[PDB]
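Coordinate analysis (summary)
Next come the chains, spelled out residue by residue.
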Protein chains: 2
Amino acid sequence: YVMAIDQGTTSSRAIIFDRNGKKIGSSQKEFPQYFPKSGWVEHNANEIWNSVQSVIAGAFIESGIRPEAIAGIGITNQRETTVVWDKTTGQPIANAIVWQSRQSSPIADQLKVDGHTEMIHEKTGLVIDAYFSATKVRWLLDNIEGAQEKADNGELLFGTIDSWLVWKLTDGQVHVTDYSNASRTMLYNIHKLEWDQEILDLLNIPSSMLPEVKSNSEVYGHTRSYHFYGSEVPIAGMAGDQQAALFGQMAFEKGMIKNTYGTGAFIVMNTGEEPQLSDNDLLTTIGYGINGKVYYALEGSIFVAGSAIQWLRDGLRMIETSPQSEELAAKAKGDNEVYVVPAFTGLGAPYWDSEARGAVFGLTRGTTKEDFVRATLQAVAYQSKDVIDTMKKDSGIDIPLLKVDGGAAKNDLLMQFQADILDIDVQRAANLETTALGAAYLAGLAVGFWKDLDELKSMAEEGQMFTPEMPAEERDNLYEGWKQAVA
Amino acid sequence: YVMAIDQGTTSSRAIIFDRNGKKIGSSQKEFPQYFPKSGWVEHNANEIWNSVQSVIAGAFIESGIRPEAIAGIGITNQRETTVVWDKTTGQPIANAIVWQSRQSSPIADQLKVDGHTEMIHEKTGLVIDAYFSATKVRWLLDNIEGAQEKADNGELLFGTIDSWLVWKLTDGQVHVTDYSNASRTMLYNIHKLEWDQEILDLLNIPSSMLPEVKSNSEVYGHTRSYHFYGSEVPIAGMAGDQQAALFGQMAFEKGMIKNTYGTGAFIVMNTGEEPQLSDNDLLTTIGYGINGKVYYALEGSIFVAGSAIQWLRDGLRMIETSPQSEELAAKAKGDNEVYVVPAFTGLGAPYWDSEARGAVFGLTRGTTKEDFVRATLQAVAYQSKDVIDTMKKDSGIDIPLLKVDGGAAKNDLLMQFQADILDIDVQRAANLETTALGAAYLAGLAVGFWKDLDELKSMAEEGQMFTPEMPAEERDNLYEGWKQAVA
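Residues numbered from 1 in each chain as written, not as in the entry; some residues may be left out. Chains lettered and ligands numbered in written order. Heavy atoms only, no water. Residues with missing side-chain atoms left out of burial classes, pairs and counts.

1. Focus on the relation of the copies chain B and chain A
Counted only if it meets this: A least-squares fit on the C-alpha atoms is what superposes the copies onto each other. In this analysis, two residues are considered to be in contact whenever any of their non-hydrogen atoms come within 4.5 Å of each other.
Of the two same-sequence chains, chain B is brought onto chain A (RMSD 2.7 Å, axial shift 0.3 Å) by a rotation of 177°. What the superposition gives is, in effect, a two-fold axis relating one chain to the other. Mapped onto chain A, 80% of the interface residues of chain B are again interface residues, and the two copies thus contact each other with one and the same surface.

2. Regarding the sheet that holds strand β5 (residues 74-77) of chain A
Residue and element names in this part refer to chain A. Stated precisely, the cut-off is as follows: We call two strands paired when DSSP finds no fewer than two bridges between them. Strands here mean DSSP runs of E at least two residues long; helices mean DSSP runs of H or I at least four residues long; both are numbered from the N terminus. Fitted lines through C-alpha atoms serve as axes, helices being fitted only where they are in contact, and the angles separating the N-to-C directions of these axes extend from 0 to 180 degrees.
Strand order in the open sheet made by the 4 strands is β3-β1-β5-β8, with mixed pairing throughout. Strands at the two margins of the open sheet, each flanked by one partner only, are β3 (16-17) and β8 (236-240). Packing of helix α7 (residues 241-248) onto the sheet brings it into contact with β1 (2-6), β5 and β8, and relative to β8 it is tilted by some 115°.

3. A short note on the pairing of strand β9 (residues 258-261) of chain A
Consecutive residues of a regular strand have side chains that alternate between opposite faces of the sheet. All names here are of chain A. This is how it is decided: A simple rule labels every residue: compare its accessible area, found with a 1.4 Å probe on the protein chains alone, to the largest value its type can have, and call it buried under 20%, exposed over 50%, or partly exposed in between.
Because side chains alternate across β9, one face comprises the buried residues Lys258 and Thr260, and the other comprises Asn259 and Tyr261, equally buried. Here β9 pairs with strand β13 (residues 402-404) via 2 bridges, running parallel. Within the sheet, the bridge partner assigned to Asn259 lies in β13 and is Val404. Sheet topology places β9 next to strand β10 (residues 265-266); 2 bridges connect them, and they run antiparallel. By the bridge assignment, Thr260 is partnered in β10 with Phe266.

4. A look at the UniProt feature "binding site: ATP" in chain A
Residues and elements named next belong to chain A. The line we're drawing: UniProt positions are given in the numbering used here, feature names are shortened, and annotations may be inferred rather than shown by experiment.
Here the UniProt-annotated "binding site: ATP" positions come out as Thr9, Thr10, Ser11, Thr263, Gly306, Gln310 and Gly407. A compact arrangement is adopted by the annotated residues: their sequence extent is 399 residues, whereas the largest C-alpha distance between any two is 13.5 Å. Secondary-structure assignment places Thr9 in the loop between β1 and β2 (12-13). With sequence-adjacent residues up to four places away left out, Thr9 is seen in contact with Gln33, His43, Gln78, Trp99, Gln100 and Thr263. The residue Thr10 is located in the loop between β1 and β2 in this model. For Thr10, a relative accessible area of 3% puts it in the buried group. If sequence neighbours within four positions are ignored, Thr10 has contacts with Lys29, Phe31, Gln33, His43, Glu47, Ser51 and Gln78.

5. Some points on the packing of aromatic side chains
Selection criterion: To pair, rings of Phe, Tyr and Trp, with the six-membered ring standing in for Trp, must have centres within 6.5 Å; the planes then decide the type, stacked if under 30 degrees apart, edge-to-face if over 60, and tilted in the middle. Ring-over charges, as used throughout, are those where CZ of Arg or NZ of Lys falls within 6 Å of the ring centre and within 35 degrees of the ring normal.
Per the stated rule, a full pass over the model turns up 31 aromatic pairs over all chains. An angle of 5° between the planes, with centres 4.4 Å apart, marks the rings of A:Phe228 and B:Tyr229 as stacked. You can see A:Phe228 sitting in the loop between α6 (179-184) and β8 and its partner B:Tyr229 sitting in the loop between α6 (197-202) and α7 (241-248), one on each of two chains. Put simply, the rings of A:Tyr339, A:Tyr382, A:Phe417 and A:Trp482 pair up and form one aromatic cluster. Seen from the ring of B:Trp167, A:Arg66 lies directly overhead, with NZ or CZ sitting 5.3 Å from the centre. Sitting over the face of the ring of A:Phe266, A:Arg79 holds its NZ or CZ atom 4.7 Å from the ring centroid.

6. Considering the interface of chain B and chain A
Our working rule: Following the grouping adopted for this structure description, the nonpolar residues are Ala, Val, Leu, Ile, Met, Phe, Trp, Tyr, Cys and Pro, the charged ones are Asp, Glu, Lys and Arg, and the polar ones are all others, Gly among them.
In this assembly, 30 residues from chain B lie in contact with 33 residues from chain A. Of all the secondary-structure elements, those providing two or more residues to the side of chain B that touches chain A are α1 (45-56) and α5 (161-170) of chain B. Top contributing element to the side of chain B that touches chain A by residue count: α1(B), with 4 residues. Of the residues belonging to the side of chain B that touches chain A, the class tally is 10 nonpolar, 14 polar and 6 charged.

7. With respect to the nonpolar core
Residues and elements named next belong to chain A. As a reminder of what qualifies: Put simply, buried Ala, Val, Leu, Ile, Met, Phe, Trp, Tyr and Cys residues joined by side-chain atoms within 4.5 Å make one nonpolar core.
Residues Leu141, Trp164 and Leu187 are the most contacted members of the largest nonpolar core, which totals 72 residues. Taken together, the elements giving at least two residues each to this core come down to β1, β3, α1 (45-56), β6 (82-86), α4 (134-143), β7 (156-160), α5 (161-167) and α11 (435-441). Not counting residues within four places of it along the chain, the set of residues in contact with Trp164 comprises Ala45, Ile48, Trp49, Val83, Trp85 and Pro92. Ranked by size, the runner-up nonpolar core spans 44 residues in total, among them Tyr179, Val268, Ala297 and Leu347.

8. Describing the sheet that holds β9(A)
Residues and elements named next belong to chain A. Ordered by their spatial adjacency, 4 strands build an open sheet running β10-β9-β13-β14, and the pairing between neighbours is mixed. The open sheet has two edge strands with one neighbour each: β10 and β14 (426-428). Along the sheet face, helix α10 (residues 412-422) touches β9, β13 and β14 and points at about 125° away from the line of β9.

9. What about the UniProt feature "binding site: ADP" in chain A?
Residue and element names in this part refer to chain A. Feature annotation in UniProt places "binding site: ADP" on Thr9, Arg13, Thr263, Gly306, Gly407 and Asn411, given in this structure's numbering. If we skip the residues at most four places from it in the chain, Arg13 touches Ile5, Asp6, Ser27, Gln28, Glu30, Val55, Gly407, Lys410 and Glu433. Position of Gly407 relative to the elements: it lies in the loop between β13 and α10. For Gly407, a relative accessible area of 33% translates into the label partly exposed.

10. What to know about the pairing of β8(A)
Residues and elements named next belong to chain A. Most of β8 sits out of view: 5 of its 5 residues are buried. Relative to β8, β5 runs parallel, the two sharing 3 bridges. For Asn77, the partnering residue across the bridge sits in β8 and is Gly240.

11. Quick notes on α1(B)
The cut-off we apply is this: The span one expects for a helix is its residue count, reduced by one, times 1.5 Å. What qualifies as a polar contact is a pair of N or O atoms within 3.5 Å, subject to a donor-acceptor requirement within protein and to the restriction that residues adjacent in sequence count only when both atoms come from side chains.
Spanning 12 residues, α1(B) covers 16 Å between terminal C-alpha atoms, matching the ideal 16 Å at 1.5 Å per step. Counting buried residues along α1(B), 10 of its 12 residues qualify, which places the element largely inside the surrounding structure. Among the structural elements, β4 (28-29) and α1 of chain A together with β1 (3-5), β2 (14-16) and α5 of chain B are those in contact with the buried residues of α1(B). You can read the cap of α1(B) off the contacts: a side-chain oxygen lies 2.9 Å from the backbone nitrogen of B:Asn46, and it is on B:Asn44.

12. Here we look at the domain arrangement of chain A
Residues and elements named next belong to chain A. Where we set the bar: Annotation comment: domain bounds sourced from an automatic or database domain assignment. Defined here as a combined quantity, buried area equals the accessible surface (1.4 Å probe) lost by two parts on assembly, summed across both. By convention in these notes, a salt bridge is any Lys or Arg side-chain nitrogen within 4 Å of a carboxyl oxygen on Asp or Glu.
Each assigned domain of chain A is listed here: domain 1 (1-249) and domain 2 (250-487). Each partner contributes residues to the interface: domain 1 has 56 residues there, and domain 2 has 56 residues. In total, domain 1 and domain 2 occlude about 4800 Å² of area from one another, counting both sides; carbon and sulfur atoms represent 64% of this. Area buried by domain 1 at its contact with domain 2 is led by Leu246, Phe247 and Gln249, which between them contribute 19% of it. On the surface where domain 1 and domain 2 come into contact, there are 1 salt bridge. For the pair domain 1 and domain 2, the interface holds 9 residue pairs in polar contact. Elements with a contribution of two residues or more to the side of domain 1 that touches domain 2: β1, β5, α6, β8 and α7.

13. Brief notes about a nonpolar patch on the surface
We apply this condition: Candidates for patches are residues over 30% relative accessible area with no salt bridge; among them, like charges are joined within 9 Å and nonpolar side chains (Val, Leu, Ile, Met, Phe, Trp, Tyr) within 5 Å. Per-residue accessibility takes into account occlusion by the displayed protein chains alone, with areas from the Shrake-Rupley method and a 1.4 Å probe.
A surface patch of nonpolar side chains, about 310 Å² in accessible area, is lined by A:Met119, A:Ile199 and A:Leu202. Within the element layout of this structure, A:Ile199 appears in the loop between α6 and β8.

14. What to know about helix α10 (residues 374-395) of chain B
One full turn of an α-helix is made of 3.6 residues, so residues set three or four places apart face in the same direction. All names here are of chain B. What counts is decided by this rule: Working definition for bend: take the seven residues up to and ending at a residue and the seven starting at it, fit an axis to each, and measure the angle between the axes.
Look at α10: 33 Å from first C-alpha to last across 22 residues, which is about the 32 Å you get at 1.5 Å a residue. The sharpest bend along α10 measures roughly 30° and falls at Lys385. Across the 22 residues of α10, 19 count as buried, placing the element largely inside the fold. Once α10 finishes, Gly396 follows within two positions and takes phi at roughly 100°, a positive value.

Structure below.
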């Protein structure tokens, strides 16, 4: 079978996808997110492992076949979260920073300033955007537990979620990572995919606790046991949610583009083997195509998206449930200038805002009780529009009927109020969570389970496009709001 | 460190142990008691299982350290609960008909009035009641289409709740059923300690694929390949939880009684070496003491006596948010003529006869429409009396010393109510859900560790014996009302 497991940020979803693109489980658990002072959000490794176990072994709902035929494992874990654990005492005495809280601003700003600030960006593409894993580490391993000297002798070996789940999965393993997530961690690099020492040696310790990385289909078993081969069933995938979605959605050819609006609005393309970067405030990333090999591509720079939606329900309830967007909200015309950019800690986009926390905007009396709700629906799609519109202006590659998916993306209406200004169609792949399948496939590419990428092509469904509407000759009229009331 | 866990009830939490003997509280994990309809509680096993999955390994997070310095892990689970698989294939024939169920009654027609039941009173020591695991199995057996052919071939397999918990852990190479579930399982004659092949012939039931009488007090796990594990991991057996509670307290000496609640009302105690078949309703089940051997005991528990939060919340939505129970449903008076007899799906209790439909009856006039809180609460005492009193009157020797260690009553009302209503102060403890606690102390004895007991109970600081008070002598009023309002 295929154990297409997902993780989002904590939202443990996905199950044992029964080979032929089918389902047999209802794994959906969103653990209680915490919001400390200001925006110092960070869920302890405890919450990570406790939830992961529920999906891993828990995925056995209907198709509970023993290790004798499961396989096809492809962990679609989260990404950028740098967790730690104490090897000597054997018990983790700390928390885990999250990729959605710019709690790094306190310190990172005093070190950049001079030339080296742009140094990384003007050449690579990425930029030290505070919450970028490595940068966050410069604070973590200091205030929490006084033992600087101990940090020299390993002590609390650091590593991303990948290096975490694997390490303490069953017990015994090596600090592994993967290319896809690697670049994001900033310790590695897109134009390197290897362990860049030199600069990194500035994180209090000279790269002492260096995580390992994996290249292609890391189809591998474990170190659990106790003199017996147990909880040592095969595996792969081991990649970030958004990264798995990238190649998973049949993206194995030129010009293949997608979209996945959920906790984050990440769009990735397929530029063959060209590590390029869009000088217009855009980042860099990797991709896949043709045969089982790593390609290169660009992405969209977003901090968060579906956070605004998860926010009100756990505060300004009102409507109780978030899916209301599909129901009592449709005939409500549209947002109407209230562009509430999901700014919990910083904004994101080409503008970043390393100090701006919170962004109400849309100062209009319309903001009554049930008003705030639809604001996010509109905003998220438009947030995608921000990078989309600017992208064509440089690359020149026009975007066709792109593929879209995601838990939050389930709102049919979201597709309509998005493609509008772009004047084109979109097609949602016949699969609510196609993301899980991507990383999952990377297990069969070893034991001769899967021949090669060229096979799935014959089975697809693209008859899910929305009919273009006549009313639109003005579109950018709203667009102007992006160039107003925000700075 | 050491690990002991519960399963079923309402919350399959996990309670991890530490150095010497310390419990790091309970984690907070819960999953609804999934049920189809009516008394046909075909409760999905995988549902309650998913919660248990993290409980197996993820729960370790409390103590911090993982499976690399552990001991015997004792398991307590809801008894009965038949579950049938496809030999080694995870895909069940249907699902699990849990301990709380009644649907075999109308089927047992061609059995009860056939004379071949009188011996059951001396052999297994039972009476005519649908509340018997074996009957539920025989029910499902004589229910599924063409299941007869599927039987002989070797496709379907006989089993109960005891297997699954271990099954998924073993790797699927285990089919156990601890002797503890005998008696309740009609086809598990206590006088024989083994399955009764006799009746099987009546329905042409194979005497082949039957579970194995396993252990509870020590490691085990399960084998697939020779030696191996297969995700096996050292397990430390299983046992019916609201039976095991008998051992959770020193109900060994002739002068100590206990009381389990769990989800409703479960009273049981060790009787002695020889089958004391005292015609008084209470049936005979397996029980032991210092010497972990097969001995005799009396029991005749009830499905539930008044599941407050459950029905009040998910049923009437009166208390809304669970905390609100003790918060409001225990302050200014209560009950008043109200006599609600628990018997939604099944009856149980000395009534036995399912025909006695229990529900809300003795309602007073002038009661505001929104009047439902002190129902189940007050009702508990009335039913608990019908089971605890019978036990005392059976033996003759009335014992004032009733201590509770079955949790459930988180609302202090029971202590500050149930006590004076019967004058005997039902004494509490610190750790409410002692049922799970007593699980790890079992496995330890075999491994020496604590050697026996003596000091181990140095944490049973009950504070003070709640002194019985004068304002209680008036309760017989409603008692002589209850002994009439029910038919």
